[PDB]
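Peer 1: Take the sequence shown: its position 23, counting from 1, is numbered 23 in full-length UniProt numbering, and each next residue is one higher. In this text, a Cβ means the ideal position worked out from N, Cα and C, and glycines have one as well. Take this structure, written in structure tokens, and hold onto it; I'll ask about it next.
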Amino acid sequence: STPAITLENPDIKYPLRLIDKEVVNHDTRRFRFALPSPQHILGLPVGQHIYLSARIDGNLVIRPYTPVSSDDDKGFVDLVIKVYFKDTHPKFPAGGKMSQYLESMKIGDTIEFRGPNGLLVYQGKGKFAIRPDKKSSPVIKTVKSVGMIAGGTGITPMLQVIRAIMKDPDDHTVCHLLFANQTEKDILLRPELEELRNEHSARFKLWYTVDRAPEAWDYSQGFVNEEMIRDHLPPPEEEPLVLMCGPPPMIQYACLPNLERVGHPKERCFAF
Ligand SMILES: Cc1cc2nc3c(=O)[nH]c(=O)nc-3n(C[C@H](O)[C@H](O)[C@H](O)COP(=O)(O)OP(=O)(O)OC[C@H]3O[C@@H](n4cnc5c(N)ncnc54)[C@H](O)[C@@H]3O)c2cc1C
């Protein structure tokens, strides 16, 4: 038998009840929501995400999230969230709408989930099914390695794929992650990533860059650039799939031009 799924229809919103909130650090949370029963699973294919939607101060706000739970978890879904507080970053004085709304929720409040969504699904053993658009059929391709470039909150789509690969001992796909952040303190999910490196270093390569570095720093400083892509992603000769998720100036200026300078086919670099 298989467990009942929560996300039965992508066109339906499912209000899920908040049952636990962990303060991971000053501006990081883990939110656990109950599924419809303790025996349900979410029903989120690897590669896909959900949306949260809410009326936030009277206006509709919809944002995508990739849980840190998986379909192996029964009864709950966990989201790790970076809270963007107002009056902290000079370019974003209002902070972030959905992340501050999540931070204001009380235990027992509900929020609407919808899914699954996304043009990419990982079918296992190196094989990705990628739609060019919703309204189009998925181009499958079995790669030997995956280059992953995440910035900030773009880590969770990568982590979901990395974990799905690592937990299959017969999946020989090698993942190379280059993870960019504003500062060391702002990095999400560092213990989780380092546990994966500890356990799976032959299939999982991990590197960080930070816009500005701490005094004691073992990794890179600056935006993603050509040299970092040469040093920390598989070479284009090996035809890796390249996955990206990060802010717009990062993808547009740091990632795509430099993936091209190295020789990866730009038009095949997938952005979540
Ligand atoms: C597939 C996918 C999966 C994702 N999964 C996750 C996830 O698991 N967890 C998660 O936290 N997010 C995730 N995100 C990002 C998420 O969709 C939102 O972008 C994020 O929650 C911020 O939304 P917001 O409404 O709070 O901010 P908005 O109101 O949309 O703010 C716009 C932008 O302003 C910037 N900003 C605002 N305030 C600050 C500040 N103080 N400091 C720095 N920058 C600031 C941020 O870059 C922010 O994205 C994911 C995105 C994608 C595409």
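(1) With DSSP as the reference, please indicate the residues paired to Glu22 in a beta bridge.
(2) Can you grab the Cα-Cα spacing for the pair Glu112 / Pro15, in whole Å?
(3) Hey, how far is the Cα of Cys245 from the Cα of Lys21?
(4) Please classify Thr66 as buried or exposed, where buried requires at least 16 other C-beta atoms within 10 Å of its C-beta.
(5) Would you report the Cα separation of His200 and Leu233, rounded to the nearest angstrom?
(6) Checking the sheet assignment: what are the DSSP bridge partners for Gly147?
(7) Does the separation of the CB atoms of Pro3 and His40 fall below 9 Å?
(8) When you compare only the Cα positions, how much space is there between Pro132 and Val139?
(9) Identify which residue in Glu103, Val143 and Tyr219 has its Cα closest to the Cα of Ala180.
(10) Relative to the C-alpha of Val77, which residue among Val24, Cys255 and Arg114 is closest?
(11) Collect the residues with a C-beta less than 5 Å away from any heavy atom of ligand 1 and give them in sequence order along the chain.
(12) For the beta strand (DSSP E) holding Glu112, just list the boundary residues, first then last.
(13) Decide if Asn258 is buried, meaning its Cβ has at least 16 other Cβ atoms within 10 Å, or exposed.
(14) Return the first residue and the last residue of the alpha helix (DSSP H) that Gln160 is part of.
(15) What is the residue span of the alpha helix (DSSP H) that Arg190 lies within?
(16) Which whole-angstrom value is the C-beta distance of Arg32 and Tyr51, which I expect to be below 8 Å?
(17) Ligand 3 and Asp73: does the residue's C-beta get closer than 8 Å to at least one heavy atom of that ligand?
(18) Sort out for me which residues DSSP pairs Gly58 with in a bridge.
Peer 2: For this structure:
(1) Translated into the one-based positions of the sequence shown, residue 22 becomes position 22. In DSSP, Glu22 forms a bridge with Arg30.
(2) For this step, residue 112 is matched to residue 112 along the sequence shown. For this step, residue 15 is matched to residue 15 along the sequence shown. Answer to the nearest angstrom: the Cα atoms are 4 Å apart.
(3) For the purposes of this step, residue 245 is taken as the residue at position 245 of the sequence shown. For the purposes of this step, residue 21 is taken as the residue at position 21 of the sequence shown. About 25 Å.
(4) Numbered from its first residue, the sequence shown carries residue 66 at position 66. Counting the other CB atoms within 10 Å of its CB gives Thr66 a total of 16 or more, which places it among the buried residues.
(5) In the sequence shown, residue 200 corresponds to position 200, counting from 1. In the sequence shown, residue 233 corresponds to position 233, counting from 1. Annotation: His200 to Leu233 spans about 17 Å, alpha carbon to alpha carbon.
(6) On the sequence shown, position 147 is the one that residue 147 refers to. DSSP lists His176 and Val242 as partners of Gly147.
(7) Here residue 3 refers to the residue found at position 3 when the sequence shown is read from its first residue. Here residue 40 refers to the residue found at position 40 when the sequence shown is read from its first residue. Inclusion of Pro3 and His40 in the CB contact set at 9 Å is warranted, their separation being smaller than that value.
(8) Locating residue 132 in the sequence shown gives position 132, where the first residue counts as 1. Locating residue 139 in the sequence shown gives position 139, where the first residue counts as 1. Going by the C-alpha atoms only, they are around 8 Å apart.
(9) Position 180 of the sequence shown holds residue 180. Put simply, of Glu103, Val143 and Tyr219 the residue whose alpha carbon is nearest the alpha carbon of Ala180 is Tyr219.
(10) Along the sequence shown, read from residue 1 onward, the residue named residue 77 stands at position 77. It is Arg114.
(11) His49, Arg63, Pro64, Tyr65, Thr66, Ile81, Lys82, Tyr84, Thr88, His89, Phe92, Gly95, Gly96, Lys97, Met98, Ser99, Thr153, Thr156, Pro157 and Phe272
(12) Here residue 112 refers to the residue found at position 112 of the sequence shown. Where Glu112 is concerned, the enclosing beta strand (DSSP E) stretches over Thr110 to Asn117.
(13) Within the sequence shown, numbered from 1, the residue matching residue 258 stands at position 258. Buried: at least 16 other Cβ atoms inside 10 Å.
(14) Reading the sequence shown from its first residue, position 160 is the one you call residue 160. Segment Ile155 to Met166, the alpha helix (DSSP H) holding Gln160.
(15) Position 190 of the sequence shown, counted from the start, is the residue given in the question as residue 190. Where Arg190 is concerned, the enclosing alpha helix (DSSP H) stretches over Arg190 to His200.
(16) One-based indexing of the sequence shown puts residue 32 at position 32. One-based indexing of the sequence shown puts residue 51 at position 51. Rounded to whole angstroms, the Cβ separation of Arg32 and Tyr51 is 18 Å, and the two are not in contact under 8 Å.
(17) Ligands displayed in this structure: ligand 1; ligand 3 is not among them.
(18) Taking the sequence shown and counting its residues from 1, one reaches residue 58 at position 58. Paired residue(s): none; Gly58 is not in a bridge.
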